[PDB]
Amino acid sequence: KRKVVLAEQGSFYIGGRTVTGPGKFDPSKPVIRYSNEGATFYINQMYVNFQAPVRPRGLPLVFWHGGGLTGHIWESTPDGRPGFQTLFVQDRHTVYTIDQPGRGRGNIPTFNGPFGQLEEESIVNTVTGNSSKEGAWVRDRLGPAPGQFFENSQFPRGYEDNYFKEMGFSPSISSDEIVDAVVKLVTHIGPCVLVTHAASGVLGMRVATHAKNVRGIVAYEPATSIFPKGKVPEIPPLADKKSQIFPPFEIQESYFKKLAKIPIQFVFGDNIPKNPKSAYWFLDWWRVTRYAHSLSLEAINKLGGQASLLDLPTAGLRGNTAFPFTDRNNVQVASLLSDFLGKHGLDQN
C-alpha cells in the first residue's frame, strides 16, 4: 500500500514579484550584516511539488492546502499513513502539491526591519494572527471542546501533537496575489483539477474564473462562500445572535458564470449540527457556513452549472473531521474523489 513508482518528481518556484531598497549595492563593502541598500527582494512566490506516475491517465490534480497549512497535509496523515499525494499517484494521476505564497516553502515577505516592512512601505502587517491548538481543535471538529472527541471520530487520536504542529500563521499577503500565483501554475500545467480545502476553497473558485484550464473542483470543507456581486442571499447570524460567518466573496457575474462550465463538488464531514448550537461557536459557524455554501452551489446551478454538495455521512462515512483526507478513513474518502473524477471523464486521456 506504500509503494510508489514515479516517472519523475521535483519542485519549482512560480509567481511573485520583486521589490527594491534604496541605493546601489557595492560588492567591496561588507555584505553581512544584510541591509536593504541596493537590494532586490523576490516576494510572494509559490512553491510547487510534482510527482508523475508511469503512464498517467486523465488530468493532473492540484492539491491546495487550507488556511495555515502546507502541502504536508497531502503527503501523510498525522499518524504516518499515506496522504492523497501517494494515493493519487497510485491512481495514475500526476499530482501537484503547493505551498501557497506566505505558507511553508512559499515566500514570507520580510526584509531588514520590523516584520513585513521595507523602509517606509508596509508589504505585510507587522502584527500577526494565528490560531491556538484550542481554536483549531474546535474549528476542525475533533470534538465540541479541546480534549474531547465526538463519538466514532475518524481523527487519528494519539497524534494530536503531530497534527497541530503542521499549522501556523499567514502574513497579510493580498488574496489577489495568491490567486495570481495559482493562475500562473494552471497556465503552466494545462488542463487540470483543483482539490481545495478550507481557506483555499474560495481561492480555487476564483482561480477557475480566471483559468479555463481548471476543468473541475473538489473542495473539502470550504471556509468562505462565493456569490455574484449584489446577489448575496440572506444568511442568518450564528446562534449567539451576534456573530456572523465569513463575509461571502462577491465577484462580477461574468466571472461567476464560468463556474457553471465545470463540475464542482463540495465535501463536508460529520458533526455539523442541524440546529442552532449556542454553546459551541465553531459548530454553529459550520452549520451556517455549510448553509451559505448550499446557496452558492444553487446559484451556480441556476446558471446551468453542475455543482453538488456531498455530505460524507450520506455516503456511509461517519465521524470525519474538517480534514477528511487525513482522517483514519481517508482511503474511503479518496475513493469518493476517484468516483467524481471518473464520472466526469477526468481520469481519461
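The first residue of the sequence shown is number 1, and the count goes up from there.
In this crystal structure, the stretch out of 271-279 and 149-157 whose C-alpha atoms carry the higher mean B factor is 271-279. As recorded in the PDB entry, 235-243 is the stretch of 162-170 and 235-243 with the greater mean C-alpha temperature factor. Across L297, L61, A322, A315, the entry's maximum B-factor at the CA atom is seen for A315.
Looking only at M46, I43, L69, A39, the residue with the top Cα B factor in the deposited structure is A39. In the PDB entry, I251 places in the highest third of its chain by CA B-factor. Among the modelled residues of the chain, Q51 sits in the lowest third by CA temperature factor in this PDB entry. When the modelled residues of the chain are ordered by their C-alpha B factor, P222 lands in the lowest third. Placement of the Cα temperature factor of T196 within the chain: lowest third of the modelled residues, per the deposited record. Ranked within its chain, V127 lands in the highest third, by CA B factor from the PDB record.
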